[PDB]
2 protein chains.
Amino acid sequence: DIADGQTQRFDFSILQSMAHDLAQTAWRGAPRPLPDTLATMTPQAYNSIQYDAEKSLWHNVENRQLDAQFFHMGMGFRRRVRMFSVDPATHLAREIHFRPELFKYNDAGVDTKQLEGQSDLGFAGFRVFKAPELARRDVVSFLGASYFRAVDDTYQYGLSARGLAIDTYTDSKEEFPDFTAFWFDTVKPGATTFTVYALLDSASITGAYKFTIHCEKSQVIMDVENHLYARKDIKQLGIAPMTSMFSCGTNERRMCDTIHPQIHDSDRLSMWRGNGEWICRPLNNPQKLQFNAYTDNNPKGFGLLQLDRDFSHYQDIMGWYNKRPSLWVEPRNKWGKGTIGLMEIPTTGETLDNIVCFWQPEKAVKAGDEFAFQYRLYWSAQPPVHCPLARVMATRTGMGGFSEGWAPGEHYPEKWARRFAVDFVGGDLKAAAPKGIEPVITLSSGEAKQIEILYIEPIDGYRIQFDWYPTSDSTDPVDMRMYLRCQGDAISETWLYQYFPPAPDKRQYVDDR
Amino acid sequence: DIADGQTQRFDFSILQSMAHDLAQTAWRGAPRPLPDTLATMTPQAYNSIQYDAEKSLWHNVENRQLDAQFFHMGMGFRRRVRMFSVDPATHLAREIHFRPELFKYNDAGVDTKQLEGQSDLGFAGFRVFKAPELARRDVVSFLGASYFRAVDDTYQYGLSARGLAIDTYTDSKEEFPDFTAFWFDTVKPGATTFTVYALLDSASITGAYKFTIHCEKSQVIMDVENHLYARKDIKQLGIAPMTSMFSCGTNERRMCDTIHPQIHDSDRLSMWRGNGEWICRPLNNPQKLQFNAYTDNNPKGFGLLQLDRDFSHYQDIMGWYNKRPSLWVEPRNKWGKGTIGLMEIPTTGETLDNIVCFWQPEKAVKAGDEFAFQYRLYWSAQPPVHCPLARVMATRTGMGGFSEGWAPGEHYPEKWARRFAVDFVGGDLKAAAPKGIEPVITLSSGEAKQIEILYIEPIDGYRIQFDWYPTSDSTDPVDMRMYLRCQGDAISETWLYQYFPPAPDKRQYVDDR
């Protein structure tokens, strides 16, 4: 009912055609300035603008389990996005032109007369609500350049995902692709899923995106198919990028001066390689910008996970980090050779998303190149696929050089060493204990001296604790790999960790006594 | 059967007589050197000496729920302690002379011929076992100068208590009273409780101690009655001292570079004043030695508590800090004016007991003075008496100067401030919330700016969070008192905290960016 634009035929092939035509032509450029009312507005004024639930998308669909509400122009959202409604039966799309009557400005200093003849103006994005609460809490949100977020049955929006990433870690500056348009298929009566088509535009790449989002009871499953058309040479391309935050946690705690024991939207990076090996990579908050590439030939799955769901580990009631979802990327086709990038930015608090994970194809991207990637996104804790063997539970790092449970109190340890504790749960650990669980530790630098295997009754797991001794002053990052091998065969997933030793002068403890 | 000494009449009045006679005479002095085998022995050799369970005390008592095994001379235990067995029916005590046949040395380099004619040699102490395991795990242990420890139904020996404390915090050195002798009443068949009489001797004080220890299903209750006779002038006297450990926890974490999130045998000091006010004093690990005296007129109860029983907060499998008991002291009579001392020593790990709490009578101790104190000791988590009002759950301290849940990530907070978060649970907090919970915060120095009251669903409690601003450069310790007052009346127990601000030059955050 809110779609008043001209009727035009639309399809996925049609969407690919305009994306190809857009790549063949010059870039539109930076967004033009917004009207003076929106351009100069208070952040509190923008938050007072509420979309009209009576004028929401699919409001005339009887017995509906979904509802869509659009956002408003303003703040950092300067790119106008056009929304269309397309009938699934007859492939005709009608443009939903922006009108001031679609919003209630309330306590906003908007004149509303400058937005009267502003049909060219669009929206900042959209959010989708579920059946029990069709206008209160959204399960799927598409806000920003290309960022989109979804929630599990606990709601509590956590990490975000984008449609593309360009030059994430290169000598050049970051380029942010924009979702310039959206096509919404009309939701069927009593339908959990819905389909939305997105047109991605950027200064060096254009793409056609198709999203099939299923809002299940305990998870949100998104089927993403894209067709990228390169406009210029791209030195770094990221497929299905993941944006999250990691400030502190069960890791090296160099930022722990806060009332919250752990602050992170995600604590680990789990990878399912083509050969079938599961890799656990805990996230880090390094002092310097870090980029890590993990070579893969056909990744069966990867993503950032929030495996710590206990509230007492976070002690946050405004963010609810324990209720935040975990994102898992499941490719549908063979993606070929490439690397899973992982960029970690230093951070102080929780207002900056410093974790970026994406898939980078091995082949260099040139002008006129074409790409097609299909993958499934799972937005929930406890991702659908996990390692059948023993799984890493936590990665605790601390002082070493002393017997466990007998840390000296009158003095610091004489020899400086770093102690790493890794907890393994699941698999056949209790069966392999009588035969002998032998941990295999590979270190780029240094040596592991006090390798101990201990059993933890409350978690029904085994802890592998070792002390790392530098034996060098190169201060270069140290790569560690751990996996449990009982009968000459792996019984646990690989534990991948990047450790940054302190300076040689800082490899000691100062004591006032 | 193991008592072969001469029969002598013994009673509590008789024990008080020899304590009075001992005070009237000069001190025995430092213990004489042990035989060469025990004097020069390996720590591993001493641990190889095992007492004979067949020759244990009360071995001839049919249908017994208790068993007593003695310790051996060696290591820091250089004071010989004489053990006696006294029949409750006929008050006759027989001395249990030390014999080499009472121990199995096994892997010990002890000649055993030098200990043949060594009846004058005694024991380092004794331990008491319960009915299900009469020779494996002890519930009550008396090892050391005057230290004695007891366990709850989780076992896992934690904090210790002594019979007396002399000059705990004074310009002079520490003086350790010694339990020079022990009288054991024969345990009745099928009796949970047992009575042991102790003679305390020291360079400046002598005392007669009577212990009535009940080993209940979930707790150990000790009835302690003492009669102290001062031999010299004592400048500081401690009644029912408590010795514990506090390295890290939900507090100022200046020692947190370890795999264990919290290391402490006790986290708070709970006091029940004569007027009926409950005070919660979280323990601290200060950089410098600290002594605090809390004036009381008739203390109804005090002790060190371990209220955090969750394993995930400690992550220790060798110490099991979550299973350690809490000690509560319940005076039986009016103790009069005095102060509850609390000495905190700086510590690095967990091998040093740096928390000492004791009751100091107001009146100065002179030569020839007489004292008599009766109190009950409870050795279990969740002490029998707690505040009927709201109780403090945790005391989290961290960075301030920013809105909660929106800590800046690209930069540090502009203004330095310390944020204190106190969680209150129980009482009538949910009923007083509609009326308005007003927190009353008293600060010796500085001001509280951002006082916020928030509700925590998972713990069903309310968090009082405030930011402390220095407004001074005196770097002196800051005393804070908090209690919730809704209708002009207190609805929560008082929260007492001692905070040490950093140096004025250190009241800032350094950023590499």
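Residues numbered from 1 in each chain as written, not as in the entry; some residues may be left out. Chains lettered and ligands numbered in written order. Heavy atoms only, no water.

Labelled according to the PDB entry, chain A appears under the name Glucans biosynthesis protein D, originating from Escherichia coli. Anyone opening this PDB entry will find it titled "Cryo-EM structure of MdoD from Escherichia coli". For chain A, the Pathway (unreviewed entry) comment in UniProt is given as "Glycan metabolism; osmoregulated periplasmic glucan (OPG) biosynthesis." The record in UniProt for chain A states the following under Subcellular location (unreviewed entry): "Periplasm". (UniProt positions renumbered as here; feature names shortened; annotations may be inferred.)

Draft legend 1. Examining the sheet that holds strand β9 (residues 149-150) of chain A more closely. Residues and elements named next belong to chain A. Across the sheet, which stays open at both edges, the four strands sit in the order β3-β7-β8-β9 with antiparallel pairing between neighbours. Among the strands making up the open sheet, the edge pair consists of β3 (67-70) and β9. Bridge count between strand β7 (residues 125-129) and strand β8 (residues 138-143): five bridges; the pairing is antiparallel. Counted as the bridge partner of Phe129 is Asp138 from β8. (Pairing = 2+ DSSP bridges. Helix = DSSP H or I, 4+ residues; strand = E, 2+ residues; numbered from the N terminus.)

Draft legend 2. Quick look at the pairing of strand β27 (residues 391-399) of chain B. All names here are of chain B. The element β27 is largely enclosed, with a buried count of seven among its nine residues. Examined bridge by bridge, β27 and strand β28 (residues 418-425) share eight bridges and lie antiparallel to one another. The residue of β28 that forms the bridge with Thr395 is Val422. (Buried < 20%, exposed > 50% of the residue type's maximum accessible area, 1.4 Å probe, protein only.)

Draft legend 3. Structural detail: the domain arrangement of chain A. Residues and elements named next belong to chain A. On domain assignment, one finds that chain A holds domain 1 (1-159 + 171-230), domain 2 (236-363) and domain 3 (391-506). On the domain 3 side, the residues contacting the 16 residues of domain 2 number 16 residues. When domain 2 packs against domain 3, the two sides together hide about 1400 Å² of surface, and 45% of this comes from carbon and sulfur. Looking at the side of domain 2 facing domain 3, the largest losses of area belong to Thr250, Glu252 and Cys280, adding up to 34% of the total buried there. A salt bridge links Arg418 to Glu252, with the nearest nitrogen and oxygen atoms 3.3 Å apart. On the surface where domain 2 and domain 3 come into contact, there are 12 residue pairs in polar contact. (Domains from an automatic or database assignment. Contact = heavy atoms within 4.5 Å. Buried area = accessible area lost by both parts, 1.4 Å probe. Salt bridge = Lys/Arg side-chain N within 4 Å of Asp/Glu carboxyl O. Polar contact = N/O pair within 3.5 Å; in protein donor to acceptor, adjacent residues only side chain to side chain.)

Draft legend 4. Representation of the pairing of strand β16 (residues 237-244) of chain A. Residue and element names in this part refer to chain A. For β16, a buried count of eight out of eight residues is recorded, marking the element as mostly surrounded by other parts of the structure. Both strand β10 (residues 160-161) and β16 contribute to a ladder of two bridges, which runs antiparallel. The residue bridging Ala161 from the neighbouring strand is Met242, located in β16. Relative to β16, strand β11 (residues 164-166) runs antiparallel, the two being bridged by three bridges. Along β16, the bridge assignment pairs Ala165 with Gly238. Where β16 lies against strand β25 (residues 355-361), four bridges are found, and the strand directions are antiparallel. Counted as the bridge partner of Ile239 is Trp359 from β25.

Draft legend 5. Here's a closer look at the interface of chain A and chain B. Taken together, the contact pairs 46 residues of chain A with 46 residues of chain B. At the boundary of chain A with chain B, total buried surface from both sides reaches about 4100 Å², with 57% on carbon and sulfur atoms. For the pair chain A and chain B, the interface holds two salt bridges. With its nearest N and O atoms 2.9 Å apart, the salt bridge here joins A:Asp257 to B:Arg418. There are 26 residue pairs in polar contact connecting chain A and chain B. Of all the elements in the fold, those that place two or more residues in the side of chain A that touches chain B are β27 (391-399), β28 (418-425) and β31 (452-456) of chain A.

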